[PDB]
Ligand SMILES: *[C@@H]1O[C@H](CO)[C@@H](O)[C@H](O)[C@H]1NC(C)=O
Ligand SMILES: *[C@@H]1O[C@H](CO)[C@@H](O)[C@H](O)[C@H]1NC(C)=O
Ligand SMILES: *[C@@H]1O[C@H](CO)[C@@H](O)[C@H](O)[C@H]1NC(C)=O
Ligand SMILES: *[C@@H]1O[C@H](CO)[C@@H](O)[C@H](O)[C@H]1NC(C)=O
Ligand SMILES: *[C@@H]1O[C@H](CO)[C@@H](O)[C@H](O)[C@H]1NC(C)=O
Ligand SMILES: [Ca+2]
Ligand SMILES: [Ca+2]
């Protein structure tokens, strides 16, 4: 398994491979394209992955999407691997979780104007830095904690602090938000990571591919801190339905694909069964 | 006779007396002990001048009290009414006998 | 009461009571005054936990005592036996409430 | 939107056409127009708009008869100068100035808040008010403008009324230094026109906006707003205008200030520090 | 026809940052504009001790 | 520091198992300073021999 950084390392160590890589990069960014394709289908850049929380993930993804030829699903460039009161108490007794926790809270709970509720990009940056370098027995315990009443569900909803990040003035079109997320490098890669690990299945007994709860939970929590950042819909104790901040309105004749894209978050038996079995 | 250093204790938020209506528990680091062999020539001379009343009869301190050096930065929590709070400089990180 | 800072004095060598036999006069500086604008959230939490007796019954400090930050280097003098003597750290150089 | 056809629910588009300005219109516009709008649904639709831009009169009531006590201190609010339509201006800057008649008894000043576009009297000098010579003062309040130089003017009569009593020996310079109730009213700070500081008393309901404190004016200092008068020199109202640190369970204001506190809250503006404790 | 140094501010002398100050003393003229200039190095030296509680503002009050 | 706690406890360097107390004079800064030593012939001797310099807990006052 060769990641794209070392694939560029072996690419820059050779003359023909670098020539065909820069040739295809000048093609994308007939006959010049097809020869570069039939050469670089044997490159170490061909089928290179990236890692979660690796150093210079952005360059790895910019290299990986550079060789990609120009669509509901895409290939993931990654390695295919009171209760909530007690979760917060287990965080605040460690030192690494406490510092970054107070970091994203003291950033995201700063009202600026009576119009601007909070700063968006710094709050997303703090949430990404929280959900990258914290051990996952702390994140999953605070974000997924089994509740029986309304106050526990409200604490669990308020954990990613949706008053700044999740909600907006309007609910835009889900397809437009998908286009915005697929414009950016990082959000498109996290969305493909979520699509590769959290589809429904008719063959496996838990409707999840490879019967892997862990990959679908990591593909869920890796979408926090982007524009396609989901959260719960209400403070329901047992009813657990996640959703991004959009809706099916404004769809036109593209209504069915919008509904099918939204049913990945609203009506996934794989993700809901994974959350329920993790709560058990 | 124990050396002055960090002492840790798990405490409620509402037992800290800061009026935050919350029941979470955080760890608390405070400086505790007794400074005995830290007296200097400054300390002895100032004590003797208090014994001779050359002083201008003010508030002075002629025993080295053990205090924190640098505090922890931030502790954030949520209340009983779904609203976060960020307390700056709650516990100590280093204890020095000055 | 007055705020804490430097106060000067001029005292004899043998009036320090250290056993020296001389009559020269040295310029003794000291930190004096009151700390009322230096209590922090740490101080309030420590005071409240002393009130609820959750403490392990040790010696703590919930009033920030004003001590010198640094100290002066040397004091050189001569005595009744005609012998030079240099003493380190006799007075202060900067005051702060800690 | 969802409309019914035969007991069903289908959806359709409701387009909204609104009409938006492009710049700050000045006062001197006295026009009217009709605007025509083409709509192409590529079916060809026409819309109209009767717009009427009417100018604004800027006259004021002519004489603002008012008084001031002799015990007052520097930077204390007295009265409000404003246009007849105070809360009508949005994008027109209106500034207020003074012209003393004798040019020897300069005591008062006017600064303009651009929220209400209105001016507030403030005591600038103590000695000129302290003199028994300059006891009834006549000012020409001139209401000016920035964009188009239409202006107006008016009369200001003010009477220097009362007696003078010295303050106490150990008084500080601001009202908020006191902590109990008695030492607040038995000493005079800076911003009050009464010469003494006022005490408002809160509640025991935890971290509230109703925090017990000592202010110059109970209608001005714990108002939740830092106006133009308080922001001149930071000793007047520290509990609405500071940029500093707070010791105690609280919540700070949105640009600045104390939004909510617990217990009694005093402030040292010389160190930009505040304390809240029962 | 000579100039005398005077302390204008206390706080800037009180700061430990502005401890060695370099000024361009410019000797000017009124009638004919021939002028010159020179260097001024000054060192902020010593310690600071607060005064007493009941002090007046002038020396001659005592 | 006092006399009783010196002899009612045993330190390191003494072959007697208890510490010895020598008592000085009130003549100011003297060589005859009252102290608690392991041996009154070895520790306040004015000389740091080979035995005391092995581990520095034996005779700190030499
Ligand atoms: C605006 O123009 C009309 C035109 O007849 C005039 O009557 C009116 O007085 C003008 N407005 C003002 C404020 O003078
Ligand atoms: C509306 O747009 C279409 C598309 O260009 C154009 O052919 C048509 O002429 C337009 N309608 C009018 C009234 O110009
Ligand atoms: C707008 O102006 C035209 C001009 O005559 C007039 O016919 C029409 O009635 C006006 N609109 C309304 C709503 O009065
Ligand atoms: C319009 O008026 C407001 C009023 O304060 C001012 O802040 C703004 O800069 C003005 N803008 C233009 C384009 O004149
Ligand atoms: C207040 O008085 C000072 C000094 O006399 C002066 O500089 C200032 O301009 C006055 N304030 C106003 C608003 O004119
Ligand atoms: Ca105010
Ligand atoms: Ca020896």
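Residue numbers (our numbering), protein chains in the order written: chain A, 1 to 280; chain B, 1001 to 1098; chain C, 2001 to 2098; chain D, 3001 to 3278; chain E, 4001 to 4062; chain F, 5001 to 5062. Even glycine gets a Cβ: it sits at the ideal position worked out from N, Cα and C.
Bridge partners - residue i, DSSP secondary structure assignment
| i | result |
| --- | --- |
| residue 3169 (chain D) | Its beta-bridge partners do not exist; DSSP assigns none. |
| residue 2034 (chain C) | C:2003 |
| residue 3258 (chain D) | D:3252 |
| residue 1096 (chain B) | B:1067 |
| residue 3135 (chain D) | Answer by DSSP bridge pairing: none, since residue 3135 (chain D) is not bridged. |
| residue 3 (chain A) | A:49 |
| residue 3158 (chain D) | D:3066 and D:3137 |
| residue 112 (chain A) | Bridge partners of residue 112 (chain A): none, in fact. |
| residue 3001 (chain D) | Paired residue(s): none; residue 3001 (chain D) is not in a bridge. |
| residue 3010 (chain D) | D:3003 |
| residue 3246 (chain D) | D:3274 |
| residue 3031 (chain D) | D:3053 |
| residue 1088 (chain B) | B:1074 |
Reduced DSSP category for residue i - H, G, I as helix; E, B as strand; rest coil
| i | result |
| --- | --- |
| residue 1081 (chain B) | coil |
| residue 3016 (chain D) | coil |
| residue 3273 (chain D) | strand |
| residue 2027 (chain C) | strand |
| residue 5045 (chain F) | helix |
| residue 4008 (chain E) | coil |
| residue 3211 (chain D) | coil |
| residue 1041 (chain B) | helix |
| residue 3143 (chain D) | strand |
| residue 3335 (chain D) | Summary: the structure shown does not reach residue 3335 (chain D), with chain D confined to residues 3001 through 3278, and so no result is reported for it. |
| residue 3230 (chain D) | coil |
| residue 107 (chain A) | helix |
| residue 5058 (chain F) | coil |
| residue 273 (chain A) | helix |
| residue 3268 (chain D) | strand |
| residue 2061 (chain C) | coil |
| residue 9 (chain A) | helix |
| residue 1008 (chain B) | strand |
| residue 4033 (chain E) | coil |
| residue 173 (chain A) | strand |
| residue 5003 (chain F) | coil |
Test: residue i CB closer than 8 angstroms to a CB of chain G
| i | result |
| --- | --- |
| residue 3258 (chain D) | In the displayed structure, chain G is absent; the protein chains listed are A, B, C, D, E and F. |
Next on the checklist: At 4 residues or longer, what runs of the alpha helix (DSSP H) sit wholly inside the region 13 to 84 of chain A?
Outcome noted: Fully enclosed alpha helix (DSSP H) runs of no fewer than 4 residues occupy 16 to 28, 32 to 40 and 57 to 64 of the region 13 to 84 of chain A, in order along the chain.
Next on the checklist: Give the list of continuous beta strand (DSSP E) stretches no shorter than 3 residues that lie fully inside the region 3037 to 3112 of chain D.
Outcome noted: Those beta strand (DSSP E) runs which fall completely within the region 3037 to 3112 of chain D and span 3+ residues are 3044 to 3053, 3066 to 3069 and 3077 to 3081.
Checklist entry - Does the region 158 to 165 of chain A come close enough to the region 115 to 125 of chain A that 3 or more CB-CB pairs lie under 8 angstroms? => result Below 8 angstroms, enough C-beta pairs join the region 115 to 125 of chain A and the region 158 to 165 of chain A to call them touching: three or more.
Item to check | Ranges of the alpha helix (DSSP H) found wholly within the region 184 to 256 of chain A, counting only runs of at least 4 | outcome: Listed in chain order, the alpha helix (DSSP H) elements of length 4 or more contained wholly in the region 184 to 256 of chain A are 185 to 197 and 213 to 221.
Checklist entry - Which residues are close to ligand 1, meaning CB closer than 7 angstroms to any heavy atom, in chain order? => result Here the list is D:3030, D:3055 and D:3057.
Checklist entry - Among all residues, which have a Cβ less than 7 angstroms from at least one non-hydrogen atom of ligand 4, and in what chain order do they fall? => result The set of residues with CB atoms less than 7 angstroms from any heavy atom of ligand 4 reads, in chain order, D:3023, D:3024, D:3091, D:3093 and D:3114.
Checklist entry - How about the region 3058 to 3065 of chain D and the region 3200 to 3209 of chain D: do they share at least three Cβ pairs that are nearer than 8 angstroms? => result Between the region 3058 to 3065 of chain D and the region 3200 to 3209 of chain D, the count of C-beta pairs closer than 8 angstroms stays below three; the two stretches do not touch.
Checklist entry - Quick check: the region 3119 to 3139 of chain D against the region 3215 to 3233 of chain D, are there 3 or more CB pairs under 8 angstroms? => result The region 3119 to 3139 of chain D is in contact with the region 3215 to 3233 of chain D.
Item to check | Given 8 angstroms, three or more beta-carbon pairs between the region 3064 to 3084 of chain D and the region 3153 to 3160 of chain D | outcome: Short answer: they touch.
Item to check | Contact set, ligand 7 heavy atom to C-beta under 6 angstroms | outcome: Working through the chain, the matches are F:5042, F:5043, F:5045, F:5047, F:5048, F:5049, F:5052, F:5059 and F:5062.
Checklist entry - Is there contact between the region 1085 to 1097 of chain B and the region 2009 to 2023 of chain C, where contact requires at least three CB pairs shorter than 8 angstroms? => result With the rule of 3 Cβ pairs closer than 8 angstroms, the region 1085 to 1097 of chain B does not count as touching the region 2009 to 2023 of chain C.
Checklist entry - Is it a yes or a no for the region 1061 to 1075 of chain B touching the region 101 to 110 of chain A, going by three-plus beta-carbon pairs under 8 angstroms? => result Counting Cβ pairs under 8 angstroms, three or more are found: they touch.
Next on the checklist: Residues around ligand 5, please: the ones whose beta-carbon is closer than 5 angstroms to some heavy atom of it, in chain order.
Outcome noted: This selection yields D:3109 and D:3124.
Item to check | Three CB pairs or more closer than 8 angstroms across the region 195 to 209 of chain A and the region 270 to 277 of chain A | outcome: Short answer: they touch.
Checklist entry - Using 8 angstroms as the threshold, is the region 3207 to 3218 of chain D in touch with the region 3249 to 3263 of chain D, meaning 3 or more CB pairs across them? => result Output reads yes: the region 3249 to 3263 of chain D touches the region 3207 to 3218 of chain D.
Checklist entry - If you measure from each residue's Cβ to the nearest non-hydrogen atom of ligand 3, which ones come out under 7 angstroms, in chain order? => result Qualifying residues come out as D:3034, D:3048 and D:3050.
Next on the checklist: Any residue with its Cβ nearer than 6 angstroms to a heavy atom of ligand 2 should be included. What is that list in chain order?
Outcome noted: Screening all residues for a C-beta within a distance smaller than 6 angstroms of any heavy atom in ligand 2 leaves D:3040, D:3042 and D:3044, in chain order.
Item to check | Three-pair Cβ contact test at 8 angstroms for the region 85 to 101 of chain A versus the region 1017 to 1026 of chain B | outcome: The region 85 to 101 of chain A makes contact with the region 1017 to 1026 of chain B: 3 or more CB pairs, one atom from each, lie closer than 8 angstroms.
Item to check | Validate contact between the region 192 to 205 of chain A and the region 135 to 154 of chain A using beta carbons, cut 8 angstroms, 3 pairs | outcome: Counting C-beta pairs closer than 8 angstroms gives fewer than three between the region 192 to 205 of chain A and the region 135 to 154 of chain A, which falls short of the contact rule.
Item to check | Any 3 or more C-beta pairs closer than 8 angstroms across the region 56 to 75 of chain A and the region 133 to 140 of chain A | outcome: By the criterion of at least three beta-carbon pairs nearer than 8 angstroms, the region 56 to 75 of chain A is not in contact with the region 133 to 140 of chain A.
Next on the checklist: Taking 8 angstroms as the cut-off, does the region 165 to 175 of chain A touch the region 42 to 52 of chain A (at least 3 CB pairs, one atom from each stretch)?
Outcome noted: Segments in contact, no.
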